[PDB]
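Protein chains in written order, with the entry's author numbering: chain R, 95 to 104; chain A, 1352 to 1374; chain F, 252 to 801; chain X, 1136 to 1151; chain S, 519 to 619; chain U, 3 to 247, 252 to 266, 273 to 1340. Below is one structure, written out as structure tokens; the observations come after it.
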Amino acid sequence: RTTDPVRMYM
Amino acid sequence: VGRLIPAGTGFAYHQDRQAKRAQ
Amino acid sequence: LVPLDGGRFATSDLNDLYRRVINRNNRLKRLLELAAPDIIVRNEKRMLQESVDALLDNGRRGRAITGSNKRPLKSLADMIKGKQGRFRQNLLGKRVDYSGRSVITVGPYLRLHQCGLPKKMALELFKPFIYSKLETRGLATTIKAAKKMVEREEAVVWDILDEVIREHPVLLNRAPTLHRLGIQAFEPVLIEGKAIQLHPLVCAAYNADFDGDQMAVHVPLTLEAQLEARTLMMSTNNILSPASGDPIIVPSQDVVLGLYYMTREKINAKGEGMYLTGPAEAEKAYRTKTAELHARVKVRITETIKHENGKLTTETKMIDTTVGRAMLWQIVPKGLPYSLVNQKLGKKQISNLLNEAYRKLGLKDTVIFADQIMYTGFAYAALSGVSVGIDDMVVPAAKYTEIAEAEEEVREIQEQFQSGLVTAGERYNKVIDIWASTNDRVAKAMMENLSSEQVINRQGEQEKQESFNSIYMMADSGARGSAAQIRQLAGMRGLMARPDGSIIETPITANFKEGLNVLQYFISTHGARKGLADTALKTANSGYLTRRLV
Amino acid sequence: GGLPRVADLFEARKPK
Amino acid sequence: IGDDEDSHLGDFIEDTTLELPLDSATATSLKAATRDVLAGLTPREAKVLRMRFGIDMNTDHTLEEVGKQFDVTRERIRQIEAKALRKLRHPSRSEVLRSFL
Amino acid sequence: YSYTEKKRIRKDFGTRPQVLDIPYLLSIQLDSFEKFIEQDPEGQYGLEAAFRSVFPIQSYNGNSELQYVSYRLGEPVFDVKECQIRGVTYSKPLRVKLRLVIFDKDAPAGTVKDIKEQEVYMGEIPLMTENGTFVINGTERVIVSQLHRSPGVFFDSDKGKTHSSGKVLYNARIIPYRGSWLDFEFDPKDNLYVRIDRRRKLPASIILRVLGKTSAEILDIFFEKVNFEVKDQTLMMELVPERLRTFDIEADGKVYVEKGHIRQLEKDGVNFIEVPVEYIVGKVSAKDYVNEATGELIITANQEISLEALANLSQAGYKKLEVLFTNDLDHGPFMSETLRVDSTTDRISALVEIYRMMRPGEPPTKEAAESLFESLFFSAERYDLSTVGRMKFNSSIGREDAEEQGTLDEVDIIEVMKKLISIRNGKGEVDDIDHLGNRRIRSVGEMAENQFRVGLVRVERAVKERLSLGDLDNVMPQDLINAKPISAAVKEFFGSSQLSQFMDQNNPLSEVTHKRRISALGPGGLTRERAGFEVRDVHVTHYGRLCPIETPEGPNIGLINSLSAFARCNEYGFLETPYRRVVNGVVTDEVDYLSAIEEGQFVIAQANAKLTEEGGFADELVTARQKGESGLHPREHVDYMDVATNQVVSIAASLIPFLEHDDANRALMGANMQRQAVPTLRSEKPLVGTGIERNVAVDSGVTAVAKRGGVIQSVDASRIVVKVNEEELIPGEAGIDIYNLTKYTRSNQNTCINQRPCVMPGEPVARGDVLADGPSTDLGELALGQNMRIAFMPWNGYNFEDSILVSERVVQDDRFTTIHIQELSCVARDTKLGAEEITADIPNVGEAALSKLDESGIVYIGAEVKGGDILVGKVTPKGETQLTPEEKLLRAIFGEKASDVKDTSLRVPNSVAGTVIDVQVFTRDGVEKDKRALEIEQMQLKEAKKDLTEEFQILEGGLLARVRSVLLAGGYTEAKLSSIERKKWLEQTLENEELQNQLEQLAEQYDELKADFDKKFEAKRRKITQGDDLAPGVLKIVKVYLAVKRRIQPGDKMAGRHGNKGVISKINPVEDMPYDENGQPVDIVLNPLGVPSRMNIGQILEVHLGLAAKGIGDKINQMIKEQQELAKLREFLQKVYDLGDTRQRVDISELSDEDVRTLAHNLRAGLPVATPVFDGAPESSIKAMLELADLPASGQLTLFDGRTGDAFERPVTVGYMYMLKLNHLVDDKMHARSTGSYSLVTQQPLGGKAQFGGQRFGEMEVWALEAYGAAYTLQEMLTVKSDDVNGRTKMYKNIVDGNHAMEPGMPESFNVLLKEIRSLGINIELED
Ligand SMILES: [Mg+2]
């Protein structure tokens, strides 16, 4: 649903 | 690539190339 | 990563991308050595993948990384692709040595194969050739001696430069290069000055006019390039349009005006009815003020016809003509009929003359004929004294009455509309129709008034003659101007459009001679801005289309 | 409507 | 660099490590002139100069190996080199090399 | 008449009196900066607004907080001239007073435990020069105003160009000054959706659930209710008369038609209507209905009622049923259908949806969702709908209250939605995005305020972070603020912004137009590629606000505009124009400023409208415009009139004579090219003018204008000293006004800026009088070019196309000769090998090139220098360099070897010849000053001492003159006073107390004078002698100024004011030029063919009027030459000034004999005539003027060929035209390169004349060469001229050896490309 690794990390 | 274009004055030159590749 | 002035360094974004990749790779190895939770290793691998994709193609995978200047870093894919990429900026197009650029003026004394080149510009362009000739003829022992000799600008340096460019063709180009006629080979002639002198007859090929235009010059070096310039690229060879086959060196503007004025016909001129032995006697009579250029005379003309099979038949006979027509026949090459010159000569007539000369005589004769034509046209346009003035914009007396009639019947139809007989759209349409009709009738009346005059012949009877008005002559000769331009100068500007496409009900009823008030000028600007913007966008659209077609 | 038409013809664009 | 974004700083950076073509032509002319000047000298003597200064060879040699050719004594090599220069500053055969300074 | 005007009165051909004079041209800049920089108590504008928006700030826990008290601006370190000399920004310190207040944790919150007052430095604020410019890094810069869209809500549509069918989709868009953007659009299925900063669409209902709106409340807001009842076991319907205007109708007394007008039967009025059951079947419910016994929901809101539902509500006992209203024309089910397609059922389900669409791929939590929606629109920190935005929103949605609010609320969103549905329904219209009432002007003050607020926030984050730590006993307010972020923001805006542009300084007109320019580009604006036809177009609201003519011709067409002559900005940033009120049928002189919105309702007449003596309209039906459409309207219906005929055009367009006779295309060119004119040696007035030149000259600031009236005490080419009048003296003032004139100062475009006195010592001057003329100014009038004799005829093809044939006489008298001042800099830096030195010991350079150098190695002042000459001698240390064996042998033969340092010295550029007029040396503090540095240092001290002493002498003379007048009020003898020596007056001994006290007072005053002069001198000496702050690593800088006299030559571009440009083709000899019967030759021969096709007929009228004016000039010249009587001079002047029925009443009888003689002396070279735009001179006036000057009425003379002596067959138009020399010179446009520098990466020739680069052989040139078939030429251009290094070296060698053959190789660009493709993990290779 997202492509930014930061959001997946959180 | 800086070579002669196969048109006009250079045309015959390129022809010679396919005279060499055929042989 | 190179230094600039003041100790500052300039670097490429690839350095930053590579540093990011290396840092993340080393951190991944460190995290794999110091046993870490799987979440941290997974995050590090995500960062490594993101860094590698950003290095290969920034912005494709997601948010593009930006540098310290808050602009996206440009990657290998960006450095190989795009308008500013390597293919189009450095491979299909390049900056070249032995090149120059200068403003272009007009050389009316030049031939079709000659171009005026500044001495300093040629000295800079042909520097190695000057060095070679100074070494060969012994004026310089070494190359540094030749360098200082050229830098000090001795006279023998100028003689060496003269002998270098004696038969060295040079390529002239003007941007944009829409077709292959935009670059042509000329023989240089050194001129004291700073601007390149261009032959007028090639301007139409370059789409060049002398309002501040600049042209580039290139020097072929090898013998093959010089012979290609002399055989294929020489301006004398390319005088036919490759798109249609019609000549491209046709005269325009002052040449056409001069040839038109010299070939016009006047009633009851000085020397009318005289008998002349030939064109030489016509010229002698003109120079002695015996007969005018437009005097109707009888001239003995010897005329040679070259048929399709090559038969050369010469006939001498008496022809009714004018003095100017005979003096123009003086320069026509043998092999053409006199009927091509025994008429008033507009742009179309001169184009027909050049076409016939090419079709029946060849190339060299065509070039010589064109040069002589443009010389004669310039000379007799200067001798004519044609001037534009405020009294040449004659406004017909019928315009005011016709505007009054249109306004009165506009009032009548508006009153009828207030009675409910017809709707608003019908009223709009018919008001537009009446204003278009009024504009057409005013233009016709102005053209009739401007196109003729009354003279007195030898018998004393009033006779009807074509007008010698300056603006009428300019429009009829085809040099510059049309019927519409004259209509806006001396008649009615007409109906202009609201910038969405709709036509305003009231038109502009004033020409440029009387002047416009605020709203008329505002409506004019409405369309002027649209025209300028349309040209600006259409140029780019045409360029993209021609790139695709190429 | 002249140059867009030429571009459409040479691009073999499908009419609406 | 500029109102129009097409231009960039990178395209206004020179290459300072390049050799000017006039300098290369001067080097070639100097080689030719040196060869012409040395061709008017005796075989042994021109060889001494050439293989002392490293002309047309990979390396340079000092006096010892130049002596080891025929006459191992160093002082004769020095004296013959001095004779080389003494004849090489004769106006009859030194005008061409003067222009390269 | 003022004295400067009285010296030379221009004849006015206008016929319409002017009621409102043109205001100050540079108000748009000065007013904006005054708003930014001045302290306003209400705190709505400028620095106070930013401080109050940012301060006070609070620690997160709440121990203490910082408060703002006041601000002030300090004294500048340097003045404008000093800032330009050293290269620093002219600015003032910002000193702000703040209170750090610490509360008490133990005490209740809000208890003041300690306070701390302190002043803090907040950075340097750049200052605006009195002429509206900034001095940034020593450069004059102008900040261009921006045209953007006002904050608020705009309603638009796709115009039916998106869906397959027409189906014109409607959208509403709210944009704040700062914050998020909100869009409410329609879909092809007629359901309204929402976007928050342009992301994926969501149903609309969410945006209301979040506001706490239940479904029933939503249908109450967006729908009208119709009620039904069970009355007497019958269906009963609440009749409303307007609704009814296919079934049987009840009320048997007044039955209407049955299943087959309305007003007639509704006149009586009844309330009981019975309807069939089917009338409810196809209609939707409106209120949730519950049964007490069942405890369940029988029917829900937004559910279609069925027969089974009728049965359920019949048995449930409910009798009253309220339902929605739905039509197909006036009302719509859009909201109900949108609720149907909604998936959210409660507020929380709404905020989770907003969170998912805000932050996709994130786990949604309640607190985060609530915080996000609060911060999106309802938070003051992140959302600010400004005062202008709030006004626009209130006007759009018809809201009267909440004027101070800047954050959205429920009423705002529901009103926007209501207006969108109304506009769909048919009531309401979309907004014109290009309307000038929807576009706002944002000037320098607003932008500086925004950037300063950004800096304040960036500081403020750190301040709040620090305050939360808690250890605050030993801290001070100045220890909390870092001025570097705020300074970085302000210098960012003032030095790197697109709208902070390099000044245009060719002429005063260029400066004025630059200061009055509006750009739609820049931050928050447009983009050239994203701008369409509509934005570039001329709107009907541009009348009186934006010039329809003046705009750049190119990619920026329509995106950069110029302010109109009388245009102004209101308090909200919207352009307004003045109009004259029409009251009771009379046209009054009272002026009201109207904006675009207010202008629509009123109908406005024109300045061309005829007027009667009583002040009313003459024609019964007048030409006017209303709502943007022009037409004919009755006299009594007219409300307003235009104030002037030049109201719609800009200043540059207002300077074009006979503009009404020129096509707009050529008027655009003329206006643009009047700004490229270069000042000449001698400034000449335009003979044919418009009367505007004085305003431009005065308001540009290039001239020296008298601050106070009086008599000129002293005149010199560098100083004007004026003795102020007695009535205009401040008490206790010196009485002297000193004007120091700028002499030969380089402009931004390398053009001379010079001021020449136009006064004489002893003559009286008044306030506003011009004392000195700046560049392109003649006696207070703008003088951009020269008056040239023009003949319209072709001349042997030398005027072919737009070419111009110029006589040699024009070159001889230097009518078009210009002075160009150019700056050359030599920077001695510090390197790794050592420090570079500025010395005359230049290796391998003889004393021939050192003649112009001094001992220190710097060229003398006044030295004639040519190309290649050394100006500053510098030697750079160099390392060991390997020598080739041949070079070693060469050094062995001849032992000369001196290569310790290399010659890197400043040299005159090639093809540049001039004189050295100024040399400035900047030395770092801590570096020894060379002899030249101390020479200039002492010269500067000598100059400063002399000038300070001069001002002291004049001020003391004036003050002692005033004191002498005060003493002469009583009257004594000054011979006795002069008997005692002046210093000995201080040595007098007085015994009486009255005299002794005065003696002590005089001694004290003398001491104070000495002290103040000493302090001034010390300040100036410290400023001069201090070191310079240079770039790191830089040791010395030497700047040399070169003055070049550029003369006219072929290739130079000359143009008039009517868009007629050309390039000089030949400098003809005088004998060859055409001449008239009196032997006077023409100066310039122009091609007539250019006139008919381009429709610029104003130039012919200018030619005729110039001929008439010059003829009157020769008449005055003769009448002076024969020493004729003054009475007939007066009679002739009065006859000339009375020609035509003009508005000008010049009485020569009231002029003195000296004034008449001076006026005649100024009129010898021609009579200046004014032809205002759209109020110009008719043909009859021109013919009358020609008849007065004894010239043909046709304006055509008989010319004779100089070469042959034969008269031309037809008369030729001969006259005078004002011609300009544009800054497009062939000197700066020639370029040639054989071999030079190369690029670092591509190994290709550089680009540009500055880099000595080569021309580009682009794609189309290659196409042309391929079409020709020149394969070898193309290969030459590709390989051996651009990037084949070995090939190009061998090609140069072969040319030197005279071989002319090439060995082509591989271009380096191809190898680079191969390396790049390899670097992408792709194997690209070559095969044999
Ligand atoms: Mg042009």
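Cβ atoms here follow ideal geometry from the backbone N, Cα and C, with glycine treated the same way.
Cβ of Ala1147 of chain X within 8 Å of any chain F Cβ: Interface criterion not met: the Cβ of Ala1147 of chain X is under 8 Å from no Cβ in chain F.
Which two residues bound the contiguous beta strand (DSSP E) that contains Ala694 of chain F? No beta strand (DSSP E) holds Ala694 of chain F; the alpha helix (DSSP H) holding it covers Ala675 to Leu701.
Inset, instruction - Report yes or no: is there a C-beta of chain R within less than 8 Å of the C-beta of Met298 of chain F? - result: So, interface residue.
Are there any heavy atoms of ligand 1 lying less than 7 Å away from the beta-carbon of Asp1064 of chain U, as far as the coordinates show? no
Is any beta-carbon of chain F found at less than 8 Å from that of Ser617 of chain S?
Residue-level contact by beta carbon holds for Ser617 of chain S and chain F, with a gap shorter than 8 Å.
Return helix, strand or coil for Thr572 of chain F, following the three-state DSSP convention.
strand
Q: Quick one: residues in its chain with C-beta nearer than 8 Å to the C-beta of residue 270 of chain U, no 5 flanking neighbours on either side, listed in chain order?
A: Residue 270 of chain U cannot be located in this model; chain U continues from 266 straight on to 273.
request  = Check the DSSP bridge columns for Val706 of chain F and list the partner residues they point to.
outcome  = F:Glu714
Starting from the N-terminal side, write out each stretch of the alpha helix (DSSP H) that is 4 residues or longer and does not extend beyond the region 468-536 of chain U.
495-508 and 520-527
**Report entry** Cα-Cα separation between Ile831 of chain U and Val822 of chain U, rounded to whole angstroms
**Finding:** 17 Å
Quiz item: Can we count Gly682 of chain U as close to ligand 1, meaning its CB is less than 7 Å from some heavy atom?
Solution: no
- request: For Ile905 of chain U, return the contacting residues in chain S, with the cut-off set at a CB-CB distance below 8 Å.
  value: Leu603, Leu606, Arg607, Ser612 and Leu615
Quiz item: Taking DSSP as the reference, what is the three-state secondary structure of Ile274 of chain U?
Solution: Helix at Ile274 of chain U.
| Nearest to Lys215 of chain U (by Cα), restricted to the options U:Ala362, U:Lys203, U:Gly125 and U:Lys107 | U:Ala362
Restricting to Cα atoms, I'd like to know which of U:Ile561, U:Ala1279, U:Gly566 and U:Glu565 is closest to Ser574 of chain U.
U:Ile561
Q: State buried or exposed for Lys1065 of chain U, treating a residue as buried only when at least 16 other CB atoms are found within 10 Å of its CB.
A: That one is buried.
| said: Is the beta carbon of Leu960 of chain U closer than 8 Å to that of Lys1028 of chain U? | reply: yes
For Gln739 of chain F and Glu653 of chain F, what's the separation of their Cα atoms in angstroms? In a straight line, the C-alpha of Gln739 of chain F is about 16 Å away from that of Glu653 of chain F.
- Using a Cβ cut-off of 8 Å (strictly closer), state whether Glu546 of chain U contacts chain A. no
- prompt: What does a CB cutoff of less than 8 Å around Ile208 of chain U pick up in its chain, not counting 5 residues either side in sequence?
  reply: Within the same chain, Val196, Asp354, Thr356, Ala362, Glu365 and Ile366 come within 8 Å of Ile208 of chain U by CB-CB distance, once the 5 residues on both sides are set aside.
In whole angstroms, what separates the C-alpha of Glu382 of chain U from that of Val212 of chain U?
-> Taking the straight line joining both Cα atoms gives about 9 Å.
In whole angstroms, what is the alpha-carbon distance linking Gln716 of chain F and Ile707 of chain F? 10 Å
**Prompt:** Relative to the C-alpha of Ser1331 of chain U, which residue among F:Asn560, F:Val303 and F:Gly636 is closest?
**Reply:** F:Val303
Do you know offhand how far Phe618 of chain S's Cα is from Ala406 of chain F's? A straight line joining the alpha-carbon of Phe618 of chain S with that of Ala406 of chain F spans about 24 Å.
* Within its chain, find whatever has a CB closer than 6 Å to the CB of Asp814 of chain U; leave out the 5 residues flanking it on each side and keep chain order. => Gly1074
Measure the alpha-carbon distance for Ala633 of chain F versus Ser721 of chain F and round it to whole angstroms.
14 Å
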